[PDB]
Amino acid sequence: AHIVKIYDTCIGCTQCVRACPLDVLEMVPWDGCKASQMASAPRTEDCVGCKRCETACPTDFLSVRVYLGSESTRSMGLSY
Amino acid sequence: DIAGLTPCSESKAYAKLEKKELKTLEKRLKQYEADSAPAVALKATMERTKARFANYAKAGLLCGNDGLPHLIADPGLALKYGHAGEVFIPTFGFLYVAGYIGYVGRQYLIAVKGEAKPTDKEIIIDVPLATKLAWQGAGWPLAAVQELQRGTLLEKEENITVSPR
Amino acid sequence: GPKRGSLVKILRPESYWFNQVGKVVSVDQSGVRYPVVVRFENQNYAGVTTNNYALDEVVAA
Amino acid sequence: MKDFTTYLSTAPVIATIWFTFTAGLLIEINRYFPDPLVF
Amino acid sequence: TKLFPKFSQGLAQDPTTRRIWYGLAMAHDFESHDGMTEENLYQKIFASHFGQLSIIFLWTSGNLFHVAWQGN
Amino acid sequence: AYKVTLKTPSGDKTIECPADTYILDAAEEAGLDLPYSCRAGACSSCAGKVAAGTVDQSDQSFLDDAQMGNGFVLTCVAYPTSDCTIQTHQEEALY
Amino acid sequence: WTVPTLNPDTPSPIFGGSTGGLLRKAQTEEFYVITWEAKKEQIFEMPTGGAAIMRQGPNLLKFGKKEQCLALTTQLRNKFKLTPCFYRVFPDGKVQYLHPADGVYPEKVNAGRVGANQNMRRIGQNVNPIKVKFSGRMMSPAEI
Amino acid sequence: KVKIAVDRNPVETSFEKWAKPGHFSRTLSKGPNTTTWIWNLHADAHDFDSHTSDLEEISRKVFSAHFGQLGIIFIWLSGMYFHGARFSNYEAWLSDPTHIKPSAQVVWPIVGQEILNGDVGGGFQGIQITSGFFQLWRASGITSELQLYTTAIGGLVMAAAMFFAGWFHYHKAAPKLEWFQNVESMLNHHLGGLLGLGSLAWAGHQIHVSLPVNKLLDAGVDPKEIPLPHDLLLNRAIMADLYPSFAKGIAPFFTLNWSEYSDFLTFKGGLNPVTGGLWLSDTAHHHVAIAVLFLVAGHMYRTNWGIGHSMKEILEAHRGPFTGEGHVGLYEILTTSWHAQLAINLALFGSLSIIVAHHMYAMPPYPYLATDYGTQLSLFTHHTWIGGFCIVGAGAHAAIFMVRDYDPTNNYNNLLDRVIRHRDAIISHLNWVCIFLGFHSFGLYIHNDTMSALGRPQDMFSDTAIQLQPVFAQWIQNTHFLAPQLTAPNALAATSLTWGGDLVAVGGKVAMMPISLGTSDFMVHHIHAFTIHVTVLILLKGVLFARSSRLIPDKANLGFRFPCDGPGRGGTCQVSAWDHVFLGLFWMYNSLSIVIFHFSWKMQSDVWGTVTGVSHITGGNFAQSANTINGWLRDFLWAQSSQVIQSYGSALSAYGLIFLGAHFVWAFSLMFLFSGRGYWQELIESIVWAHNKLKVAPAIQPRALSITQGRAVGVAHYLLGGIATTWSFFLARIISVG
Ligand code: CLA
Ligand SMILES: CC1=C(C/C=C(\C)CCC[C@H](C)CCC[C@H](C)CCCC(C)C)C(=O)c2ccccc2C1=O
Ligand code: SF4
Ligand code: SF4
Ligand code: FES
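- This entry lists cryo-EM as its structure determination method and reports a resolution of 4.90 Å.

In structure tokens, the structure reads:
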């Protein structure tokens, strides 16, 4: 299972959540940023590490960072 | 002479291969008229060959068993035996023109970095400023050594670094 | 902190414009951990030319 | 006309013409002064 | 799963042959093997060297035997 | 400068905004507190809706042509190019 | 709002049947089913390839992987503004008709959503891997 | 209602945008910040679909583009004629086409390129052209270089006209979409007029100009001795002298007594033996037949009157039971996607050019052409390459369409739809068959060489060993050999000697002979087949899964060209139909290189040489060396390598020069082929540190190429090096040995 992490620079513009094709992300209340919104990954075991989140985070260092881990059938995106 | 290298102004293989060249020439030549453009061209070619060879012999080139010119690389040796005209002056002219071009390049570069449209001057060029810096670029070495004595050439320790340095 | 439009040198190591200078667009007066808003002229490998910063990560230069 | 002048001040055409100029310089050089080896 | 690479169950848990491939690829990166301790790893490389030497001596002795057998 | 009539949840507030200043920046300099987060044209936090007049938001990246054709604007990267009227706090109406 | 259930007796939309269909994995491990009610009857495209026509109201389709249904949700939600609800099913017959199942949709902040996996810090504040050394497995510094 | 629909002064004329890079596109118009800006700017300059969305404006753009293309071609042909008129020995070679080498390019007396102005005969000093302009012009009967002068002049004029045409039709008056869409009108127009008229006018020129002058040529009269063509047109006296049918003029034609005109419409078949060219009577008969055909053809479809046909109607009519909607809606499709018509025409045209080269070497039409073995080989390889590239471009633009213009909503259950359905089974069967082909056809040669090195040639597959005789091809050959007896009673000779028969000799050189087919040729044919099947495989996969896949269900969303979708779920490297056609380029080059090798060797061994018996160039060695790859490499390559590897000091020395240079560049491509743009940008960052260290950074941010762009650069350089190496080798070898 890959690893994904959120950092305080999250401006909550959700593009990550907007980019995850697997809904491995979501937005929650927060108070660190003006958006009062923090990105959140409750379904990491579904992330195939396609990182489109990382592509989407406009944050200087990506408010979010993916780390590929072990391999499950869902991690590999196998439908067979 | 040096390293047992005899001058081809003295060497035998030199004149040998020269004559061989001229022989091949006359051989290709013997298949025409005289006034024929090919004929006259081959004759001019023979002329050029012999002239280049006389020049090479006059140059005092050490040319070994092949009779072919080999060059020497030592300031002291070339000076002591009259062989600076092969490496020394060529290298000096090269370095002159090269430093000239690099210096004027940096000159235009600084001039245009002192602009509000760096990209646009990088694409479209200031013709007259270019010509001006070209005319002025001769004094590039004196200018550079001046700026060195002032230490104004190089950038200080503020350029971007990598995180692990 | 610094003034809007003013020029500051960036010191945040992980920043594209690290060891470089930027222009303070503004600074927030709320409790944001990074109130300094600083534009840039060259774009990053992401193409962005402006980033948020705390007060220390920059210096008026 | 000014549009034309700008089009000529565009970059690749300038690179072009400068290169053409230099190359013709050196070709004529070799024409009138064939076979250079030393000096 | 399979005892695939006992020294790395994480690899032993791949339901593809890549399990096999990486179990090979990492058979000797003990610094990454599971639960490895320092002195243990030291003795590991010790026996590794031992087998290395044994390999060399076998090579040489076989050469010499075969030449003595079938050479001129 | 251009007169920007901001139609806000507090009422209308007409501010002056130079041609070289982003709508959001001018609003803040005038003491208003409009929504924002990224300030880079890459989200919807600062969305408004232009009712009349024109803006230049050419560096924005988040909106599509149909959204802009209906007047939506990312105020953090939008310059006025005429006197204009802009309803603020429009993010919800974009969704 | 409350978690819905699944109704296996839903008229599936109109499609001629493709070859990009389900496999052993469906009968073996699991497979997902998607639930949505269309306002009208209309043709649409199959994520696994093919043109299909949805029926008015209750329409149902099943798939193995999650990304199929997710892309399909994107297509309908952005092209027809439907709010489908798709589940997770296993050969046991147990459903979990869950893939964005969470009251509303995650693209908006919502009360109750507790943050997870969120390093309440910067990213540059991580420690050198020399310290994660001699752990029970390969562990990244950012793991902590 | 078909008519003319145009728009006046649509586009203005100013050098304003000329000063504006990227103006055509949205983003590029913003100007460069990093270096890829220029690259993409160039890349998208002619993507008019990317430019905008107006079908009509895009049509006008491509219309003017074609205009300019034609103008370029005019320029080139005219310059060719110009240099033929001014720097050639064509009149000398007219006096003697048997011992003067066609040469039209002379170089300048400079540092040493002058040595290349070798001796080609007639006191001429230049370079032997392998184009065959000489035989072309002789067949057309051009005599005075003044004629070529006039020709080049008129070509200049034509090019200027075409370019003005493009300008006018783009900026002054640009037609309208419906006008562009009056498709049946365009078909009738072209089909009848263009082809029929061109062929018929060529036949008239033939009859009244070339056949008389070429007749006198083969009669042996001096070239500068024949009367002028227009003088011939004036004096029907001499035309009746040559053929008395002309004494009666044209009234016999108006009395349907064609039999009398047989003097110039023959059906001999075969070549003129004293010339090696086809029988010009037969050529004119061919062309007039083609003319009548296309003329009657051009009146098929309705345009503005009740009679005609409807493409749409007939296509809808044609539907079968197993097929559902049959051929419905395709009318709509073709009326709408430029890339569709494009890819169609490209595939067709590549196939054509291939067939062209085939028949051309099969039955050479030009005077003494067959003797010019080099010209034969050269034009053949040329057109083969051109055709293959046209094929792959077809595949490219087809996939392009399928990405861009595709829409399911209009194609419900059509041929396309069921294809999309059962594509998996299709491609599966294709994989299996290609694998079988490769296995068998390759292992044949390999087992041969294996038994060879094993000293068991008894167990090889040779025409002497275990045989595979193409009984089919040989039976068909004899079939064509015997056809004229009954299946063609009015025939005199078979169209080709390779059907069987005798040998034709012009000047000792082997002009043409019947060719047999051995197990070697069996094997090489099967090789070719397997390779082509691989190529069609990769192309078909690319096009079928361009929009989606069980791996990527949304592939249509990533644009046509795109690097990958990450390393996630294993790694998405090289997953575009763009990448697929890339691979196809590779496999195609492989295929055609093999084919030209086969052609060259078999020619040299069993066809070409000099008559006395046949002094075959390689003495038919191919027959027994081709079964084994060792024989291949040594006896073909290693042997014929001498010419190129000792060509130095000769006028042909440049052949070995470019040989080594092509080696060089072909290897140069491989750094791209293997490297990584990430690594590259890392190096970029290092070097920009180095520069800024001296305040010498460039404004435009230096950037490593896109993955795609690196792929493209590499593949271009690779194919360039390979083709050039082979080209040089062939040229030197044949100029030396032929
Ligand atoms: C790139 C390195 C290099 C090398 C390998 C050589 C090689 C040589 N040099 Mg030196 N030399 C060089 C660069 C070099 N030089 C440069 C750049 C200069 C310009 C200042 C000189 C100036 C120079 C002179 C004026 C003389 C030599 C001489 C020689 C030759 C014998 C002395 C010796 O071994 O010097 C070893 C080389 C070096 C120590 C490299 C550094 C050179 C410094 C700057 C000057 C060296 C002068 C040398 C010690 C003089 C020895 C004279 C000898 C009769 C005792 C020998 C072929 C002598 C000669 O011609 O002998 C036949 C001689 O008279 N060189
Ligand atoms: C070498 C290499 C590079 C580095 C090389 C690059 C980016 C090409 C550089 C092209 C030229 C040399 C730079 C542009 C020069 C400007 C026009 C400045 C003016 C120069 C004058 C001489 C005209 C890659 O970026 C790359 C990326 C992906 C796969 C393979 C490779 C690859 O092999
Ligand atoms: S790694 Fe892939 S699945 Fe995970 S958030 Fe990023 S894009 Fe979505
Ligand atoms: S990762 Fe970036 S895009 Fe996603 S919520 Fe955080 S700041 Fe917004
Ligand atoms: S605050 Fe994100 S686009 Fe304006």
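### Details of the overall build of chain E
Link 1 in the chain: Of regular secondary structure, chain E possesses three helices and zero strands.
Link 2 in the chain: Overall, chain E shows an N-to-C arrangement of helices and strands of α-α-α.
Link 3 in the chain: In terms of overall size, chain E is more extended than a compact globule, its C-alpha atoms giving a radius of gyration of 18 Å where 72 residues would be expected to give roughly 11 Å.
Link 4 in the chain: For chain E, the spread of C-alpha atoms along the three principal axes comes to 55 × 30 × 15 Å.

### Regarding the overall build of chain G
Link 1 in the chain: Across its full length, chain G holds two helices and five strands.
Link 2 in the chain: Of the regular secondary structure in chain G, the N- to C-terminal order runs α-β-β-β-β-α-β.
Link 3 in the chain: Since a compact globule built from 144 residues should have a radius of gyration of about 15 Å, the 20 Å found for chain G marks it as more spread out than a globular shape.
Link 4 in the chain: Of all intrachain contacts in chain G linking residues separated by at least 6 positions in sequence, the fraction that spans at least 24 positions is 53%.

### Overview of the interface of chain G and chain A
Link 1 in the chain: Between chain G and chain A, the residue contacts involve 16 residues of the former and 16 residues of the latter.
Link 2 in the chain: By residue class, the composition of the side of chain G that touches chain A is six nonpolar, four polar and six charged.

### Some words on the pairing of strand β1 (residues 2-8) of chain F
All names here are of chain F.
Link 1 in the chain: With seven bridges joining them, β1 and strand β2 (residues 11-17) adopt antiparallel strand pairing. Within β2, the residue paired with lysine 3 across the bridge is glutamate 16.
Link 2 in the chain: The sheet contact formed by β1 and strand β7 (residues 84-87) spans four bridges and is parallel. Directly across from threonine 5, in β7, lies its bridge partner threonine 85.

### Regarding the sheet that holds strand β5 (residues 72-74) of chain F
Residues and elements named next belong to chain F.
Link 1 in the chain: Taken in spatial order, the five strands of this open sheet run β2-β1-β7-β3-β5, and their pairing is mixed. Two strands close off the open sheet at either side, each with one partner strand: β2 and β5. Direction aside, neighbouring strands of the sheet carry axes that sit 35 degrees apart on average.

### Brief notes about unusual backbone geometry
Link 1 in the chain: A positive phi is found at A:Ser36, a non-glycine position, where the angle reads about 55 degrees.
Link 2 in the chain: Considering the arrangement of structural elements, one finds A:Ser36 in the loop between β2 (26-29) and β3 (37-40).
Link 3 in the chain: Residues other than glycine seldom take positive phi values, yet D:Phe39 does so here, at roughly 55 degrees.
Link 4 in the chain: Among the secondary structure elements, D:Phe39 is positioned in the segment after α2 (11-32).

### Here we look at the packing of helix α23 (residues 653-674) of chain H against helix α25 (residues 707-737) of chain H
Residues and elements named next belong to chain H.
Link 1 in the chain: Packing of α23 against α25 leaves a shortest axis separation of 7 Å and a crossing angle of 160 degrees. Comparing their axes, α25 and α23 come out roughly antiparallel. Once α23 is placed against α25, the crossing between them reads as left-handed. Counted together, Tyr655, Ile658, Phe659, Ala662, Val665, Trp666, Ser669 and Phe672 of α23 and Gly710, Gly714, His717, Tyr718, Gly721, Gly722, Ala724, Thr725, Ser728 and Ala732 of α25 form the full contact between these two elements.
Link 2 in the chain: A breakdown of the residues in the contact of α23 with α25 according to their chemical character gives 10 nonpolar, eight polar and no charged.

### So, the arrangement of the chains
Link 1 in the chain: Among the nine pairs of chains that make contact, the interface with the largest number of contacts is formed by chains A and G.
Link 2 in the chain: A minimum C-alpha distance of 7 Å separates chain C and chain G, which share no contact.

### Observations concerning the sheet that holds strand β3 (residues 36-39) of chain C
Residue and element names in this part refer to chain C.
Link 1 in the chain: Spatially, β4-β3-β2-β1-β5 is the arrangement adopted by the five strands of the open sheet, whose pairing is antiparallel. Since the sheet does not close on itself, it has two edges, and those belong to β4 (50-53) and β5 (58-59), each with one partner.
Link 2 in the chain: In this sheet, β5 lies alongside strand β1 (residues 7-10) in antiparallel orientation, the contact comprising two bridges. Along β5, the bridge assignment pairs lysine 9 with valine 59.

### Re the packing of helix α14 (residues 338-362) of chain H against helix α15 (residues 373-404) of chain H
Residues and elements named next belong to chain H.
Link 1 in the chain: Where α14 meets α15, the closest approach of the two axes is 7 Å, and the angle between their N-to-C directions is 160 degrees. The angle between α14 and α15 falls in the class roughly antiparallel. When the axes of α14 and α15 are compared, the crossing they make is left-handed. Of the residues in α15, those touching α14 at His339, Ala340, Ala343, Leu346, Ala347, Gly350, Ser353 and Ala357 are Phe380, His383, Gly387, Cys390, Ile391, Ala394, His397, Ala398 and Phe401.

### Re the environment of B:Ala13
Residue and element names in this part refer to chain B.
Link 1 in the chain: Following the sequence through the fold, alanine 13 ends up in helix α1 (residues 12-29).
Link 2 in the chain: Sequence separation between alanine 13 and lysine 121 is 108 residues, and the spatial gap between their C-alpha atoms is 58 Å.
Link 3 in the chain: Excluding anything up to four places from it in sequence, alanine 13 contacts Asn65, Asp66 and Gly67.

Criteria and thresholds
- Residues numbered from 1 in each chain as written, not as in the entry; some residues may be left out.
- Chains lettered and ligands numbered in written order.
- Part of a larger assembly, values for the part shown.
- Heavy atoms only, no water.
- Residues with missing side-chain atoms left out of burial classes, pairs and counts.
- Helix = DSSP H or I, 4+ residues; strand = E, 2+ residues; numbered from the N terminus.
- Rg over C-alpha atoms; globule rule 2.2 N^0.38 Å.
- Contact = heavy atoms within 4.5 Å.
- Nonpolar A, V, L, I, M, F, W, Y, C, P; charged D, E, K, R; others polar.
- Pairing = 2+ DSSP bridges.
- Axes fitted to C-alpha atoms, helices over the stretch in contact; angles between N-to-C directions.
- Parallel < 35°, antiparallel > 145°, perpendicular 65-115°, else oblique.
- Left-handed = near helix turned anticlockwise from the far one by under 90°.

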